[PDB]
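Student: Return a 3D structure for these sequence lines:
(6 chains)
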Amino acid sequence: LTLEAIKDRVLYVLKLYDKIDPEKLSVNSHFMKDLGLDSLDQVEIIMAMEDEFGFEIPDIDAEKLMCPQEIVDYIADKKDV
Amino acid sequence: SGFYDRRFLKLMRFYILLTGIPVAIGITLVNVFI
Amino acid sequence: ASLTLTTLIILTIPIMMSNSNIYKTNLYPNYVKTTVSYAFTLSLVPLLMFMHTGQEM
Amino acid sequence: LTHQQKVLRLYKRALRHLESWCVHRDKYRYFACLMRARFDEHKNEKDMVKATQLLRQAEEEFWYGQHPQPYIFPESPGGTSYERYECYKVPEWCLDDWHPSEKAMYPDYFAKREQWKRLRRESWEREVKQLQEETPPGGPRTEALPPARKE
Amino acid sequence: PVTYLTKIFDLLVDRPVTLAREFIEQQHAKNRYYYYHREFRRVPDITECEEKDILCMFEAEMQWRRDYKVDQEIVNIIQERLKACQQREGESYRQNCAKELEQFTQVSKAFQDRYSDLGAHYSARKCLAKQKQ
Amino acid sequence: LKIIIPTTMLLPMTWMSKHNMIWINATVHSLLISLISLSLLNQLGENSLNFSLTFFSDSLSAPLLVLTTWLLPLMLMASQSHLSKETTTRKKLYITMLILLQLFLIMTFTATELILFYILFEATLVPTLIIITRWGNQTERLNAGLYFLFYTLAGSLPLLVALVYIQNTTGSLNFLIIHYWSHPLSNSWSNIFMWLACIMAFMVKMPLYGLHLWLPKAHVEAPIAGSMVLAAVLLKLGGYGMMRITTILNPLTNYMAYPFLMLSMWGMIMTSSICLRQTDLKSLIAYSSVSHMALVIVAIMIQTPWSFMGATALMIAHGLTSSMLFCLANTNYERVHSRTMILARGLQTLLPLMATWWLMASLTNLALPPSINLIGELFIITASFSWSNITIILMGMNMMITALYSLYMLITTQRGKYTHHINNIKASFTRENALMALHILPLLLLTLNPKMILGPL
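Tutor: Numbering: from 1, shown residues only, chains lettered A, B, ... in the order given. Find the structure here:
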């Protein structure tokens, strides 16, 4: 596993989510101030995203989340890549 | 570090066998002859 | 008679080899699988002497 | 704790047990969408005093349906292997003990390591003064930001 | 064709040891200093030595003790012959094994009688004290 | 008289030894004298071996004697790093306590007069007191000294008067003739008080469940060299004496055994149960020790020959295994000073071979075949079962709990995560491994040849 593989697989999942419009998506693209997705969908994107890896997300860390870069950072920490 | 343990075993095995050989062989020679 | 007791006792030897440096090697286990293999090969024989004549000991 | 994050965790939770029931990706998808549909179709906006009551309802309604055992990823506290590897994770200071006949065999790694240990022993007083500085008498918060070095 | 013929090949494996035994046994013959059995003379028993001689009680005590250990060894033998009969039957028994079972019944009966609730510190004076009972 | 002189002779050797070499002197010669002790073991199949007018060597004593000679070097190997900063004169003073002690043991096992046997039996009390009190750690040891002391004397003193009495009501007090001239004492009321007078001291020195309170509080305190003796030996000698004096008594034992069989048969399950929930290890071991001694004491009181065989075997086996657990715990206590078991945590992760010794030691604590511990225990269950068919239901529970806590001390102080900040541990000295290998090897060889350990019956 590598960091590019993480950022790629992550966006590759964010792309498929309907509410995001794929062209607007960016690694640094913000999640509430940009994109109106709101938390009730945020929970969906996070659980569905961890599910791709089989990895588990602790809830208090799930609260931050937001920027996809922050996510790839997070998995980067937990997998110690 | 695994050094200290393996050293211990080297020592212990070395002594138990050090005296170990003469004894075993002595018992065998006593078996075959007398 | 010698047969069964051999089909037991040879199993003991690898443990004895456990203090020998071969144990520390990556190489060890296949000697064990081979050991049980020979053990089985030897193990069939008493069963056959047990077969046609049916003796027990 | 606060109300919003509370209802949220109830949501992720209930949703997960809901997969644990529905098994198939299909049925699970359907009932999932139905579920979020329930959370919005209900009081996606409301006064609080009603809302807490809605939670007290929801907790019961969940607790009845919570399923004898949810699916759990191995890393997670349930786990088929929650600590399978804790046999191995030896703390670093322990290597700092090998004695020279072993330490000679990895000159590089040890070199880099003393580099680090040096970095720490050099660093520490700064984290002392900073921790001493940023802290009030000492509140709930843990850790404090870097400002010029180390953190 | 008979599988058991393989034993003949296996017999060769025996043959080595057979020859090997000679290579030992020969030398074993060359020098044979040797032991032979010891035996102890009879002595008068406790029943007739008087109430206070210690030496009579003692000689007779050692004799009684030797006799006891001996008797235990005999019961060991009769049990071993019992095991022999038991295994030796193919599946029948309740046969010759009944024969040994009888003598074992008598023997174990009397041995049970001579040496039961003596307890620890069994002593000839006590076996006497039982026999009078 | 040949083994006993050199044992005295180490003392001059100790005092005259060069100030930094003494450990080697005492160690080497103690080992040698062990080997000389070993020749005694031969015994005879009939008559008890004899020597001087004033000593004899029953088969019951010989394995014990060999053991007792064997322990000194061990205590030296344990001690000789525990203390270092102590002044030379004081250290040189210190080993004298130990050797003086075993000298009293070699004397008190071969007996022969039960008054000589007594006076040595009680003479042992001093050096062990001095050791517990001067070199134990923490405050409580002072108080502990007292509990160790009076419980012996309060038991021993009546025994003393009783002994004198008998040699007046009969001829000689000597053991051989009293074995032969023995005549029953029976009911009344004077004879009953004779009974308790000739039992209570022995049943104190090997702790009985109603009286064992001093023993844990001794082991909590004593420096390890005191612990090894106080556990592995003195209990066992109290048992030796009680096996001795049972040459008299009878038939009264048949009538008086019951209360003590209740305190023992119940106290075993009880103390083992307390054993299942200690705060700190050094005590856990001690209660395990009482929990096993109860078996010895019923084994003595049912007085069936199987029960004495099992008595002997279990005495020795428990000796070695208990001493082993103690040194094996002191190692942790030195590496981290925790004492409390909870702090040790993931000790296996950081070092392996000690985990192996934990395994072997605990493994024989629970007693599984064919450990001499086990075989020692199974006999007395057999004879007990002959004595009362119900009794098995009690013994079985023991064999349950002795599993649990034993494995427990293993899995709680080992398997699991390392504590993070405890940097203190430093990778196992040679003497440590040497020491416990010295406990455990004899214990395993010994299974090959039980027939020399089962004793006189």
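
Student: Which parts of the chain are helices?
Tutor: Let's take chain A. A:3-14, A:39-53, A:59-64, A:68-78 (DSSP state H).

Student: if you could check chain B rather than the one you did, that'd help
Tutor: B:3-18, B:20-32.

Student: Repeat that for chain C.
Tutor: Counting by DSSP H, chain C has helices at residues C:2-9, C:13-16, C:28-52.

Student: can you check chain D too?
Tutor: D:3-22, D:25-41, D:48-64, D:100-103, D:107-134.

Student: so which of those is the most packed in?
Tutor: Across those, averaging neighbours per residue (mean count of other Cβ atoms under 10 Å in any protein chain shown) puts helix D:3-22 on top, at a mean of 16. (Each C-beta comes from the backbone N, C-alpha and C, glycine too.)

Student: Would you tell me whether it gets close to chain A?
Tutor: Yes: applying Cβ under 8 Å from any Cβ of the partner chain, one finds helix D:3-22 touching chain A at D:4-5, D:8-9, D:11-12, D:15-16.

Student: quick one, that helix and helix D:25-41 angle?
Tutor: 150 degrees (axes from the mean of the first three to the mean of the last three Cα atoms, to 10 degrees).

Student: so which residue of chain E comes closest to chain B?
Tutor: Residue of chain E nearest chain B, by Cβ to the nearest Cβ: residue E:24 (5.0 Å).

Student: Which neighbouring elements make contact with the host helix or strand of that residue?
Tutor: Using DSSP states H and E, residue E:24 maps to helix E:6-30. In terms of contacts (3 or more Cβ pairs under 8 Å, 6 or more residues apart in numbering or on different chains; DSSP states H and E), helix E:6-30 is packed against helix B:20-32, helix C:28-52.

Student: what angle separates that helix from helix C:2-9?
Tutor: Relative orientation of helix E:6-30 and helix C:2-9, computed by the same axes, to 10 degrees: 90 degrees.

Student: Name the nearest residue to the residue in chain B positioned nearest to chain C, sequence neighbours excluded.
Tutor: With Cβ to the nearest Cβ as the measure, residue B:13 is the residue of chain B nearest to chain C, at 6.3 Å. Excluding the flanking residues, the one nearest residue B:13 by Cβ to Cβ, 6 or more residues apart in numbering or on different chains is residue C:19, at 6.3 Å.

Student: before we move on, what about residue F:63?
Tutor: Setting aside the residues directly before and after it, residue F:63 is nearest to residue F:453 in space (Cβ to Cβ, 6+ apart), at 4.9 Å.

Student: what sits against residue F:14?
Tutor: Going by Cβ atoms under 8 Å, 6 or more residues apart in numbering or on different chains, residue F:14 touches F:22, F:25-26, F:92, F:95-96, F:99.

Student: Look at it and give its secondary structure.
Tutor: Three-state call for residue F:14 (DSSP: H, G, I helix; E, B strand; the rest coil): helix.

Student: From residue F:99, how far out is it?
Tutor: 7 Å (Cβ to Cβ, to the nearest Å).

Student: And for residue E:22?
Tutor: Applying Cβ to Cβ, the value for residue E:22 to residue F:99 is 56 Å.

Student: next one: residue F:245
Tutor: Using Cβ to Cβ, we find residue F:245 at a distance of 28 Å from residue F:99.

Student: which residues touch the closest residue to chain D within the stretch 151-300 of chain F?
Tutor: Residue nearest to chain D within the stretch 151-300 of chain F: residue F:281 (22.4 Å; Cβ to the nearest Cβ). When contacts are counted by Cβ under 8 Å, 6+ apart, residue F:281 touches F:329, F:332, F:339, F:341, F:409, F:413.

Student: Just flag the most distant two among the residues you listed.
Tutor: F:339 and F:409 (13.6 Å; Cβ to Cβ).
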